[PDB]
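> sequence-free structure coming up:
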Ligand SMILES: [Ca+2]
Ligand SMILES: [Ca+2]
Ligand SMILES: [Ca+2]
Ligand SMILES: [Ca+2]
Ligand SMILES: [Zn+2]
Ligand SMILES: [Zn+2]
Ligand SMILES: [Zn+2]
Ligand SMILES: [Zn+2]
Ligand SMILES: [Zn+2]
């Protein structure tokens, strides 16, 4: 289990969602 | 500087969080799901513009190459320190300035990821530099920089 990839991927997804997919 | 290999992997995990049916593409429906679950409330109209702006071929959906091109630009974002703070606030549900494991479990569950309590505690440990058992702003910024 890559805990760092899972977390950073999720936070990147959250960054995208808060800036209207940009 | 360049797009390193691990960064690509991180981007791949981001992509898969959107690409809910795992069919290689992000639709407006999939994008809508995710944003709704992260507390954003866009309209069908807005969603369609969001796809279009990074659909640089024009077939109505987004594949990983298109996603990657955006993610590449976002790597040199001037508004980056602020974009990270905003994401932090999505995770930090009580506004107390630390992300607990419960808070992280909530977001992860909302994104449609099914995790064990150990898998969650492992992600917290990844970022928890000061050993308090939860991720604060500075640690969050550190990890994402
Ligand atoms: Ca899909
Ligand atoms: Ca396309
Ligand atoms: Ca909190
Ligand atoms: Ca900590
Ligand atoms: Zn836009
Ligand atoms: Zn930006
Ligand atoms: Zn500010
Ligand atoms: Zn636990
Ligand atoms: Zn383990």
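Looks like it came in fine. Residues are numbered from 1 along each chain as shown, chains lettered A, B, ... in the order given. Ligands and ions are numbered 1, 2, ... in the order given.
> so which residue of chain A comes closest to ligand 2?
Closest residue of chain A to ligand 2, Cβ to the ion: residue A:21 (13.4 Å). (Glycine included, C-beta is placed from N, CA and C.)
> and that residue, how many neighbours?
Residue A:21 is flanked by 23 other residues according to other Cβ atoms under 10 Å in any protein chain shown.
> mind checking how far stretch B:7-23 is from the chain centre?
Relative to the centre of its chain, stretch B:7-23 is centred 10 Å away, using Cα atoms, centre = their mean, to the nearest Å.
> how about it: buried residues?
Buried residues in stretch B:7-23, counted by 16 or more other Cβ atoms under 10 Å in any protein chain shown: B:7, B:10-15, B:17-20.
> Show the overlap between those residues and what lies near ligand 3.
The subset of these within reach of ligand 3, by Cβ under 5 Å from the ion, is empty.
> Redo the residues you listed as CSV? Include distance to residue A:8.
CSV is the format used below for those (distance: Cβ to Cβ, whole Å):
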residue, distance to residue A:8
B:7, 9
B:10, 5
B:11, 9
B:12, 11
B:13, 7
B:14, 8
B:15, 13
B:17, 11
B:18, 15
B:19, 17
B:20, 19
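> In helices, which of those appear?
B:7, B:10-15, B:17-18 (DSSP state H).
> What is the burial count for residue B:124?
20.
> swap in residue B:25?
18.
> quick one: contacts for residue B:98?
Counting by Cβ atoms under 8 Å, 6 or more residues apart in numbering or on different chains, residue B:98 touches B:92, B:132, B:134-136.
> how many neighbours does the closest residue to ligand 8 within chain A have?
Of all residues in chain A, the one sitting closest to ligand 8 is residue A:3 (13.2 Å; Cβ to the ion). Residues within reach of residue A:3, counting by other Cβ under 10 Å, total 17.
> and if you look at the one 10 residues further on?
If you count neighbours by other Cβ under 10 Å, residue A:13 ends up with 22.
> quick revisit: what is the nearest of the ones in helices among the buried residues of stretch B:7-23 to chain A?
residue B:13 (2.7 Å; Cβ to the nearest Cβ).
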